[PDB]
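Heads up, the chain below is alone and in the form deposited in one PDB entry; it's given as structure tokens.
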């Protein structure tokens, strides 16, 4: 899960959470406007610190100094709480990345067709994230990862993994600093949105190229073509 859309205003997404949250985040009513959010850019990320919600631009990717490979963009839910690498992020670095949906490229051999995946009920999504705190320091290499889960039901036909998408109520619990890593694992296991609540459709090849932009990137195309 390496591309998604985050096009609406921050208040549009925060409106889905508990009522006393949209006020914690300062007012900025500009639509975020991003139909092609890619790794290695700064992405607005929601988290809680000192008992208050914050929305911070955080690098999408994780590469500490001892990691001499390209930054990771995902963390597997099955093992992240116990990983030597991710355990500290699971414990103290949990965060939420809201989106309109995400893109996955179905493969035949190495040829690909992008699909956009979204809530059938028309709502946005809250993706579970873990990252390096303090998030506000604008680090250029130790940022956040999107947690992944096994694809289920019809999503298996597009790809065998999916982002961990949490219900609004679960997303709020996930961000709390006062919960244990074990509680977080139970939130991830209890609050995940199931595959039957999503729909998807093929989109134009244009989105694969990070250069391309705009609302047309999430519009359906008629023909599926693996290229």
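Shifts are known only where both forms have a C-alpha. Just so we're on the same page, rigid core means the largest C-alpha set that superposes within 1.5 Å between forms. Positions refer to the first chain, counted from 1.
Absent from the display: the form deposited in another entry. The rest refers to it.
- Once both forms are overlaid on the rigid core, the distance between the two CA positions of residue 20 between this form and the one not shown is 2 angstroms or more.
- Once the rigid core is overlaid between this form and the one not shown, residue 108 counts among the residues whose Cα shifts by 2 Å or more.
- Compared with the form shown here, the Cα atoms of residue 179 and residue 23 move at least 3 Å closer together in the other form.
- In the other form, the Cα atoms of residue 162 and residue 21 sit 3 Å or more farther from each other than they do here.
- Legend: core-fitted overlay between this form and the one not shown; highlighted in sequence order are 18-24, 108-111, the runs of at least 3 consecutive residues with CA shifts of 2 angstroms or more.
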